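> For reference, the file upload_29.csv (CSV, C-alpha atoms) is included below:
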chain,number,residue,atom,x,y,z
A,542,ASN,CA,-84.9,-55.6,-79.7
A,543,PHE,CA,-86.8,-55.4,-76.4
A,544,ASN,CA,-87.9,-51.8,-75.4
A,545,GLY,CA,-84.9,-50.5,-77.4
A,546,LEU,CA,-82.4,-53.1,-76.1
A,547,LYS,CA,-80.7,-54.2,-79.4
A,548,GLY,CA,-78.8,-57.5,-79.5
A,549,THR,CA,-78.2,-60.8,-81.2
A,550,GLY,CA,-78.7,-64.3,-79.6
A,551,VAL,CA,-81.1,-67.3,-79.0
A,552,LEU,CA,-84.1,-66.7,-76.7
A,553,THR,CA,-85.4,-69.5,-74.4
A,554,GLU,CA,-88.0,-69.7,-71.6
A,555,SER,CA,-86.5,-69.0,-68.1
A,556,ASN,CA,-87.2,-70.5,-64.7
A,557,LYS,CA,-86.0,-67.1,-63.3
A,558,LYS,CA,-88.8,-65.4,-61.3
A,559,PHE,CA,-88.6,-61.6,-61.7
A,560,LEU,CA,-90.3,-59.4,-59.0
A,561,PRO,CA,-93.1,-57.1,-60.4
A,562,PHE,CA,-90.8,-54.1,-60.9
A,563,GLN,CA,-87.9,-55.7,-62.8
A,564,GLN,CA,-87.5,-55.7,-66.6
A,565,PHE,CA,-83.9,-56.9,-67.2
A,566,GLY,CA,-81.6,-59.5,-65.7
A,567,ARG,CA,-77.8,-58.8,-65.5
A,568,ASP,CA,-74.8,-61.1,-65.4
A,569,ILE,CA,-71.4,-60.6,-63.7
A,570,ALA,CA,-70.3,-58.7,-66.8
A,571,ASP,CA,-73.4,-56.4,-66.4
A,572,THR,CA,-74.8,-57.6,-69.8
A,573,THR,CA,-78.5,-58.2,-70.1
A,574,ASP,CA,-78.8,-62.0,-69.8
A,575,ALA,CA,-82.6,-62.2,-69.3
A,576,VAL,CA,-85.7,-60.0,-70.2
A,577,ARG,CA,-89.4,-59.9,-69.5
A,578,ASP,CA,-91.4,-59.7,-72.8
A,579,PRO,CA,-93.4,-56.4,-72.8
A,580,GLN,CA,-96.6,-57.9,-74.3
A,581,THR,CA,-96.7,-61.2,-72.3
A,582,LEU,CA,-95.2,-61.0,-68.8
A,583,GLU,CA,-92.9,-64.1,-69.0
A,584,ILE,CA,-89.1,-64.3,-68.8
A,585,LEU,CA,-86.6,-65.2,-71.6
A,586,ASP,CA,-83.0,-66.0,-70.9
A,587,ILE,CA,-80.8,-64.5,-73.7
A,588,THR,CA,-77.9,-66.6,-74.7
A,589,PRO,CA,-75.3,-66.1,-77.5
A,590,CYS,CA,-75.9,-68.7,-80.2
B,981,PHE,CA,-75.3,-48.5,-80.3
B,982,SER,CA,-78.9,-48.5,-79.1
B,983,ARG,CA,-78.5,-44.7,-78.6
B,984,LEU,CA,-75.8,-42.9,-80.5
B,985,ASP,CA,-74.8,-42.4,-84.2
B,986,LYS,CA,-71.8,-43.8,-86.2
B,987,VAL,CA,-69.9,-40.6,-85.2
B,988,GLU,CA,-70.2,-40.2,-81.4
B,989,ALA,CA,-70.7,-44.0,-80.7
B,990,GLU,CA,-67.1,-44.5,-82.0
B,991,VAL,CA,-65.7,-41.9,-79.5
B,992,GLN,CA,-67.2,-44.1,-76.7
B,993,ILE,CA,-66.5,-47.5,-78.3
B,994,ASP,CA,-62.8,-46.6,-78.7
B,995,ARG,CA,-62.5,-46.5,-74.9
B,996,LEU,CA,-64.1,-49.9,-74.4
B,997,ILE,CA,-61.8,-51.4,-77.1
B,998,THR,CA,-58.7,-49.8,-75.5
B,999,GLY,CA,-59.6,-50.8,-71.9
B,1000,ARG,CA,-60.7,-54.4,-72.8
B,1001,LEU,CA,-57.7,-54.9,-75.0
B,1002,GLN,CA,-55.3,-53.7,-72.2
B,1003,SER,CA,-57.2,-56.2,-70.0
B,1004,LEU,CA,-56.2,-58.9,-72.5
B,1005,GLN,CA,-52.5,-57.9,-72.7
B,1006,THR,CA,-52.4,-57.9,-68.9
B,1007,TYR,CA,-54.0,-61.4,-68.6
B,1008,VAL,CA,-51.7,-62.8,-71.3
B,1009,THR,CA,-48.6,-61.3,-69.5
B,1010,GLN,CA,-49.9,-62.9,-66.2
B,1011,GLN,CA,-50.3,-66.3,-68.0
B,1012,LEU,CA,-46.8,-66.2,-69.6
B,1013,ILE,CA,-45.3,-65.3,-66.1
B,1014,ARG,CA,-47.1,-68.1,-64.5
B,1015,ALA,CA,-46.4,-70.6,-67.3
B,1016,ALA,CA,-42.7,-70.0,-66.5
B,1017,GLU,CA,-43.2,-71.1,-62.8
B,1018,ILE,CA,-45.2,-74.2,-63.8
B,1019,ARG,CA,-42.4,-75.0,-66.1
B,1020,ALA,CA,-39.8,-74.7,-63.4
B,1021,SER,CA,-41.9,-77.1,-61.4
B,1022,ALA,CA,-42.4,-79.5,-64.3
B,1023,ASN,CA,-38.6,-79.6,-65.0
B,1024,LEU,CA,-38.0,-80.4,-61.2
B,1025,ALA,CA,-40.8,-83.1,-61.3
B,1026,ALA,CA,-39.1,-84.7,-64.4
B,1027,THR,CA,-35.8,-84.6,-62.5
B,1028,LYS,CA,-37.4,-86.1,-59.4
B,1029,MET,CA,-38.9,-88.8,-61.6
Would you mind writing the file out in structure tokens?

Amino acid sequence: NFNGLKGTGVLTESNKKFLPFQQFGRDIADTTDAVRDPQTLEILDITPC
Amino acid sequence: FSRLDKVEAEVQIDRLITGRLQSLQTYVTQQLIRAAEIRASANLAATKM
């Protein structure tokens, strides 16, 4: 869960650079594929295991 | 599921399951119709061979 966004998957450090105002990354299916951790401002890709 | 109960979530989910399932029966019908054209070609290619 990130900020209420429930899901299941494997988290890994992203090379994606979010701009200051983004919290979620979306794929072509509009599913959240990346997220900025709310305590430490670095980006995880979310992948189904 | 992040926001509704096991009583109204279902009333929404039922429409995602219906739509996405119809999106499969449509894709499978398209593949079966195309498979029949590739077969006509494969039968001509075997006859050319």
> Within 12 Å of chain A, which residues of chain B show up? Give each one with its shortest atom-to-atom distance in Å (one decimal) and the two atoms involved, counting all atoms listed in the file, rows by chain then rising residue number, as CSV.

residue,atom,partner,partner_atom,distance
B:981,CA,A:547,CA,7.9
B:982,CA,A:547,CA,6.0
B:983,CA,A:545,CA,8.7
> For a test of reading the model, state the distance in Å between CA of residue 1009 (chain B) and CA of residue 990 (chain B), rounded to one decimal.
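Between CA of residue 1009 (chain B) and CA of residue 990 (chain B) the gap is 27.9 Å.
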> Between CA of residue 586 (chain A) and CA of residue 996 (chain B), what distance in Å does the model show, to one decimal?
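Value for the CA of residue 586 (chain A)-CA of residue 996 (chain B) distance: 25.1 Å.
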> What separation in Å, quoted to one decimal, exists between CA of residue 1012 (chain B) and CA of residue 1026 (chain B)?
20.7 Å
> Show which residues sit within 6 Å of region 554-564 of chain A, as a count of residues only. Count only C-alpha atoms, and ignore same-chain residues fewer than 2 positions away.
5
